[PDB]
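The primary structure of each chain is shown beneath.
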Amino acid sequence: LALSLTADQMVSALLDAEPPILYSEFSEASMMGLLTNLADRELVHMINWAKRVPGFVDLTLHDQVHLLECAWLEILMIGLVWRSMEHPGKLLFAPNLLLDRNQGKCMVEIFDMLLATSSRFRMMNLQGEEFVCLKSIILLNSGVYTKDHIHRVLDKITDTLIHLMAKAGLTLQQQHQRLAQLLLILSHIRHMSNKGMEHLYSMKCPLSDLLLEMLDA
Amino acid sequence: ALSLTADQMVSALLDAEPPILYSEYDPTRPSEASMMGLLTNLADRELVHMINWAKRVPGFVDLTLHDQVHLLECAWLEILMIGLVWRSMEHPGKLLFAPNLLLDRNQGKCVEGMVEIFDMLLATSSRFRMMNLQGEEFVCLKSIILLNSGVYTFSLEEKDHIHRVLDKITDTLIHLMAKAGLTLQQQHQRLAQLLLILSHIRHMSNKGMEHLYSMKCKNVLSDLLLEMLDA
Amino acid sequence: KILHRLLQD
Amino acid sequence: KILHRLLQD
Ligand SMILES: O=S1C(c2ccc(O)cc2Cl)=CC=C1c1ccc(O)cc1Cl
């Protein structure tokens, strides 16, 4: 059913499935406890958001698991980067949890990369309809190598992304150039995720059983 | 650098291609440590050619030396892997590290942990084959990795020059696929398909660094490659 | 496998 | 620094 959508109903489906913006409840132990507790509550909503991504439900349960395990930190980062957009120099983890680069000490390497990505989304003026498409691509792409249905849905999100830029009035050159600029950002989100995974493995091994389960993979 | 035609863009990249090197591998003899030294010695000699190849990529020469150093030490393994993936395109099930160094998945099991990287490299090579990637699109993708893998970390209006060069290579990719008889929809899909590969090449590189930083202390390498790791 | 449980509910 | 020397030939 994911293949039969018009790019308009593909956009309306992703925006309707958008997860909420949760709240949090500065030593190195207290700040870590707040972020991991916030990320654990966000994992539950992302799981229900993933099932509402068209084409994800049609997959094997084991394939649903592998895609979510490979990209859960990427999804959390592009969401943070998106929420933190109109807050330059700041990362909006939660509406009550706004941290600066100085608080990054107690991480600061990944913190500046997240600030650099948010500044890039503002420079390009990334729209929300493009953001939910990029977030869906991350879900299906980052784990498809460890499939013929996945790439057919990936091509559709590409058709949906090109349609969004065509409606805004960009020439064909401006469309595939902006298309390339958006997808090349996903290589940096992948890079930030892997650099975050290796810190959590070192820093942790009190975290939840669910979040620990995501790391043992 | 910016006023070259897309036809002139592909010829400049295709002319700047580094050579294919051989290894000192001899099948009179088989070790996991000996096989590790062959991959490291081969990668070290390829880095010398890559440094000269990067200087011939349009837009790379205009950047400051500090930025040229930063782009290479952040993407050197990505360039090596996509080159290995390209050389192994039509050798399904095997990785063509060198014309004499052709390994399969069973020999990647001698070294620990590298099987995941090995099968991921194999999956990327099979992906290029089922897509039937052309050499003109390969030299474009490799040039994208050089200019993109370390651009976010960084004096700002040299970065704006980097994005302008990236925009031209994108048009060069669209230009080639428009000449191969594909519709604009098929061009946008293939353009998106190719750039999504780089997310996995980026992933394999980060996994390669983490494994390269384990045998470093364990002492199971060159001075140039050790400088790339200490960065 | 806790992820199995949430994907079913 | 070898990467610096090989870039200025
Ligand atoms: O960004 S983090 C994070 C998070 C939480 C809620 C979010 O919405 C997004 C993120 Cl990225 C939980 C733990 C993080 C983390 C904390 C410390 C560190 O050195 C590295 C990382 Cl990746």
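What counts, and where the lines are drawn
Residues numbered from 1 in each chain as written, not as in the entry; some residues may be left out. Chains lettered and ligands numbered in written order. Heavy atoms only, no water. Residues with missing side-chain atoms left out of burial classes, pairs and counts. Contact = heavy atoms within 4.5 Å. Nonpolar A, V, L, I, M, F, W, Y, C, P; charged D, E, K, R; others polar. Pairing = 2+ DSSP bridges. Helix = DSSP H or I, 4+ residues; strand = E, 2+ residues; numbered from the N terminus. UniProt positions renumbered as here; feature names shortened; annotations may be inferred. Polar contact = N/O pair within 3.5 Å; in protein donor to acceptor, adjacent residues only side chain to side chain. Salt bridge = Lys/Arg side-chain N within 4 Å of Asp/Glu carboxyl O. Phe/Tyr/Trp six-rings, centres within 6.5 Å; stacked < 30°, edge-to-face > 60°. Axes fitted to C-alpha atoms, helices over the stretch in contact; angles between N-to-C directions. Parallel < 35°, antiparallel > 145°, perpendicular 65-115°, else oblique. Left-handed = near helix turned anticlockwise from the far one by under 90°.

Details of the arrangement of the chains
- Out of 3 pairs of chains that touch, the pair holding the most contacts is chains A and B.
- Contact between chain B and chain C is absent, and the minimum C-alpha spacing across the pair is 22 Å.
- Note that chain A does not reach chain D: the shortest distance linking a C-alpha of one to a C-alpha of the other is 23 Å.

Section: the interface of chain C and chain A
- Each partner contributes residues to the interface: chain C has 7 residues there, and chain A has 13 residues.
- For the side of chain C that touches chain A, a count of residues per class yields 4 nonpolar, 1 polar and 2 charged.

Some points on the pairing of strand β1 (residues 94-98) of chain B
All names here are of chain B.
- Summarising the sheet, β1 and strand β2 (residues 101-104) pair through 4 bridges and their orientation is antiparallel. Following the sheet pairing, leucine 96 is matched in β2 by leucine 102.
- Here β1 folds back onto β2, and the loop between the two strands holds 2 residues.

What to know about the UniProt feature "binding site: 17beta-estradiol" in chain A
Residues and elements named next belong to chain A.
- When the UniProt feature table is mapped onto this chain, "binding site: 17beta-estradiol" is found at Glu42, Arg83 and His199.
- Tracing the backbone shows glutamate 42 in helix α2 (residues 28-51).
- Residue contacts for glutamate 42: discarding those within four places in its chain leaves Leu22, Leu76 and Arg83.
- Among the structural elements, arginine 83 can be located in helix α3 (residues 61-83).
- Setting aside its immediate chain neighbours within four residues, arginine 83 contacts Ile21, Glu42, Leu92 and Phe93.
- A distance of 3.5 Å separates polar atoms of two side chains, one belonging to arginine 83 and the other to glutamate 42.

Concerning the pattern of salt bridges
- Taking the shortest distance from any N to any O, the salt bridge between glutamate 18 of chain A and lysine 135 of chain A comes out at 3.1 Å.
- Between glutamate 130 of chain A and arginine 178 of chain A there is a salt bridge; the shortest N-O distance is 3.0 Å.

Considerations on the packing of aromatic side chains
- Measuring from centroid to centroid gives 4.8 Å for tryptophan 82 of chain A and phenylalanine 131 of chain A, while their planes differ by 10°, and the two rings are stacked.
- Judged by centre distance (4.7 Å) and plane angle (10°), the rings of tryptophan 86 of chain B and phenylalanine 138 of chain B are stacked. Residue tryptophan 86 of chain B is found in helix α3 (residues 65-87), and its partner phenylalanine 138 of chain B is found in helix α5 (residues 135-148); the two are separated by 52 residues along the sequence.

As for the interface of chain A and chain B
- With 30 residues of chain A in contact, the opposing surface of chain B contributes 31 residues.
- Put simply, the parts of the chain that give the side of chain A that touches chain B at least two residues each are α4 (108-123), α5 (128-141), α6 (148-167) and α7 (172-204) of chain A.
- Here the side of chain A that touches chain B takes 16 residues from α7 of chain A, the largest share from any one element.
- For the side of chain A that touches chain B, the per-class residue count stands at 13 nonpolar, 12 polar and 5 charged.

Describing the UniProt feature "binding site: 17beta-estradiol" in chain B
Residue and element names in this part refer to chain B.
- The positions that UniProt labels "binding site: 17beta-estradiol" are, in the present scheme, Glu46, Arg87 and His211.
- As for its placement among the helices and strands, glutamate 46 is situated in helix α2 (residues 32-54).
- Beyond its immediate chain neighbours, meaning those up to four positions away, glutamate 46 contacts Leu21, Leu80 and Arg87.
- With respect to the element layout, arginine 87 can be found in helix α3.
- Not counting the four nearest positions on each side in its chain, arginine 87 is found in contact with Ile20, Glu46, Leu96 and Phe97.
- Polar contacts involving the side chain of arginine 87 include one to the side chain of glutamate 46, which spans 3.3 Å.

Observations regarding the packing of α7 of chain A against helix α7 (residues 184-212) of chain B
- Where α7 of chain A contacts α7 of chain B, the two axes come as close as 9 Å, and the packing angle between them is 20°. Considered as vectors, α7 of chain A and α7 of chain B are oriented roughly parallel to each other. Viewed along their axes, α7 of chain A and α7 of chain B form a crossing whose handedness is right-handed.
- A breakdown of the residues in the contact of α7 of chain A with α7 of chain B according to their chemical character gives 12 nonpolar, 10 polar and 4 charged.

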